[PDB]
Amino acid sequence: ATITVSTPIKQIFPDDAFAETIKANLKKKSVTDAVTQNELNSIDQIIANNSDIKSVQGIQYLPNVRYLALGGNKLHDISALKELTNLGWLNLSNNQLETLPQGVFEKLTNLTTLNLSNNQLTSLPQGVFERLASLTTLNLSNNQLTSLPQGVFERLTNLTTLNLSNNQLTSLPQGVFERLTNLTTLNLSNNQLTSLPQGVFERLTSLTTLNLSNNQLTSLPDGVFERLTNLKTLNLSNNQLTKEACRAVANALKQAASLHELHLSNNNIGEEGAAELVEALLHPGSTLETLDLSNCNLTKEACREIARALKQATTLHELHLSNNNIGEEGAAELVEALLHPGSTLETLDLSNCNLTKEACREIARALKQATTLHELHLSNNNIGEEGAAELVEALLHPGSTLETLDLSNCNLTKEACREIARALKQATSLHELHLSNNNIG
């Protein structure tokens, strides 16, 4: 729309905040000042985040706007936006949008970035994104979405980032990502998914990051990650994954030759599941660098198996086994891998692993001699002060190479803490030491 005569700013934009926004944009003394369509046409950019705007009525008189930041306002309605065909960038995050009209974005062919995050969308209309040919980034996170209609993204061929996190999505339609062949980042974390259809990620050949954490996944189709050849990061943590679902993860490991990070913390894979992942890593040519199996209901026997994998999978530099019942026997199995010729592990986390004194004694043997191990977390373990003193006695060997030691919250006394940080000094390679929450948290 357009104005035919010189019109007071505050007649075009009845929202007092937005009027003030337009007044500042054009350097007028007052919102009572008349403006011409030509002046309104001079506006190609509005940055008005957090300006207490309830309504953008009148924005339709600004056809040349290409960059629009309206984040953190109080917008309930955006239908005044639909003829703004020059919009390349649109930020409507943190408003109060509950629904989207069917055709509200059908004219925004130049739109490349769309942020609808932190609203209260409960659902998406069919085809609300059907004409966003140019779109590369769609952020839909922190909404209330409980489903996605079939084909809601089927025309977004240029999409590279799709963020669907922190919604209440309970399933995915099977072809919902069929056309996103250029997508590199897919964030589905913090949803209520309980299953995935076979072939939901099948055409995602460019995908490098797949985040599926904080869902309620149990089993997985064996093939569900197979065509993800370029995948580099898989986060499956905080789910309810079983030993079943490990078959699929194993296949990701075999098929994605440059998968570097596997996050599986907080799951129910058990030792049987771990063994399945182990047999995937026992194959020549793994490139995996970081593995997280914290709180995976692991045992000392899963530790034997994981030790087999550490001996063969020497790209693996960072390993997390926190919150598992590992004990002295499990510690002993891992120390065997630490002292194996060609162990490449740099960082090991064994916090809250039921580690005792006898388990420190086993670990002492690794810390005594030259290894690649530079960072070790034993926090949240009731190691005890003879436990600590064994670690200490091993670290004062001229052989030692550890750099960082974490004993946070290991039920030690100020007396012991000081007596440990004391002898710190002598272990030349070690230049970091965490002792907090022992008796002073």
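From 1 onward, residues are counted along the sequence shown.
* To do: Name the higher of the two by mean Cα B-factor in the PDB entry, 383-391 versus 27-35.
  => Per the PDB record, 383-391.
* Would 163-171 or 281-289 have the larger average of its C-alpha temperature factors, as given in the entry? -> Averaging CA B-factors over each stretch, the winner is 281-289.
* Taking the Cα B-factors listed in the entry, which of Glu301, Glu98, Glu358, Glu178 comes out highest? -> So the option with the highest C-alpha B-factor is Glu358.
* Asked: Among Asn50, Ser42, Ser400, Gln60, which residue carries the highest C-alpha B-factor recorded in the PDB entry?
  -> So the option with the highest C-alpha B-factor is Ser400.
* **B-factor third for the C-alpha atom of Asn64 within its chain** => Within its chain, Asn64 is a middle-third residue by C-alpha B-factor, going by the deposited values.
* To do: Using the B-factor values recorded in the entry, state whether the Cα atom of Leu231 falls in the lowest, middle or highest third among the modelled residues of its chain.
  => Its C-alpha B-factor, which the entry lists for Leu231, ranks in the middle third among residues of this chain.
* Ranked by Cα temperature factor within the chain, is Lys368 in the lowest third, the middle third or the highest third? -> Highest third, going by the recorded CA B-factors of the chain.
* Would you please rank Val56 by its C-alpha temperature factor against the other modelled residues of its chain and give the third it falls in: lowest, middle or highest? => Answer is lowest: the recorded C-alpha B-factor places it there.
* Asked: What third of the chain, by the recorded C-alpha B-factor, contains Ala307?
  -> Within its chain, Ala307 is a highest-third residue by C-alpha B-factor, going by the deposited values.
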